[PDB]
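For the protein sequence lines, the chains are K and F, in the order given. If you count the first sequence from 1, position 131 lands on 188 in the authors' numbering, and the numbers rise without skipping. If you count the second sequence from 1, position 29 lands on 254 in the authors' numbering, and the numbers rise without skipping. Here a beta-carbon is modelled for each residue, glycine too, at the ideal position from N, C-alpha and C. What follows is a single structure, written as structure tokens, with notes after it.
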Amino acid sequence: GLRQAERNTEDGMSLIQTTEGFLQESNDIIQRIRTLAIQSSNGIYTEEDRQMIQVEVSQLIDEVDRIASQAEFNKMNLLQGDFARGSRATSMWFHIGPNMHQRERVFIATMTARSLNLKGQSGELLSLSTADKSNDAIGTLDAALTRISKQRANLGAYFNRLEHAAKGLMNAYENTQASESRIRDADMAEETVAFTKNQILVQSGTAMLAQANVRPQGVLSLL
Amino acid sequence: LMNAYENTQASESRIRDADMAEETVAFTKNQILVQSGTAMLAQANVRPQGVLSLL
């Protein structure tokens, strides 16, 4: 059971690594969008400049959407939040114990542009086409960055507790194997001397039988 | 994608790859086991010749 649990923990932490890898470039692109928007705050750029920068801005958000829709670890999507707080479709479980009841839950939130507030229900992305709306976009990206920080902190705690559990499982594995050796294993160092004692006694007894079997011929001399 | 590739091989490494120490120890244990078992069987084969001493 512990041998099962250790590899289950390993695959879970691999999943966690996949999630944080998917999170890193999203954080990078959000920071890039923030820098571009802050540059757009300058008043020396006319409206067509803001529109043409918004072209690649919209490209960046749709690329983030592509990342979210294409996230995959074990042929299962993760960034769409199938296992959020209010997840109704299904639930994650990490069987990290030798018994069926030892089951641990791990949750992941929705990482879509709607959840990142980059777009509304209609799907239209952040306008940013004017300096007045440029300041408004700052709060949205700050909220997105805070949400990403919360997600990375959650995954950090996840993998830290997971690796501590895996180390504990490995130690319990080795100690339990040592106990099994103490109980069931027969260190042949005593069995060899018992062997030799018995395998000397056997031929001593056979020799005694051999000398005993010659006794009856004595009466024949009386005849 | 390249970061995902790196993480994906990192994940794969713990399914099929081998960490040589924890099976070379098992192989050494099995080798000493087979040597001991062969020796014990060989010395066990000579048991019944003692019966012919009665004959």
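Counterpart residues of residue i in DSSP-defined beta bridges
i      : result
K/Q137 : K/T167
K/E161 : K/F151
K/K176 : K/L182
Buried/exposed call for residue i, threshold 16 Cβ in 10 Å
i      : result
K/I73  : buried
F/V259 : exposed
F/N232 : buried
K/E63  : buried
F/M245 : exposed
Beta carbon proximity, residue i to chain F, threshold 8 Å
i      : result
K/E82  : yes
K/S148 : no
K/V163 : no
K/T75  : yes
K/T253 : no
K/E120 : no
K/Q96  : no
K/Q260 : yes
Interface flag, residue i vs chain K, CB-CB below 8 Å
i      : result
F/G275 : yes
F/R239 : yes
Under 7 Å from the C-beta of residue i: neighbouring residues of chain F
i     : result
K/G78 : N228, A229 and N232
Interface partners of residue i on chain F, CB under 9 Å
i      : result
K/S126 : By Cβ distance, chain F contributes nothing, its closest Cβ being about 14 Å from K/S126, past 9 Å.
K/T263 : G275, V276, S278 and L279
Interface partners of residue i on chain F, CB under 8 Å
i      : result
K/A267 : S278 and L279
K/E67  : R239
K/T187 : By Cβ distance, chain F contributes nothing, its closest Cβ being about 35 Å from K/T187, past 8 Å.
Chain-ordered neighbours of residue i on chain K, where CB pairs are closer than 8 Å
i      : result
F/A235 : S71 and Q74
**Asked** Whole alpha helix (DSSP H) runs in the segment 241-280 of chain F with 4 or more residues, listed along the chain?
**Response** 246-270 and 274-277
**Item:** Complete runs of the alpha helix (DSSP H) confined to the segment 59-136 of chain K [at least 4 residues]
**Value:** 59-97 and 104-127
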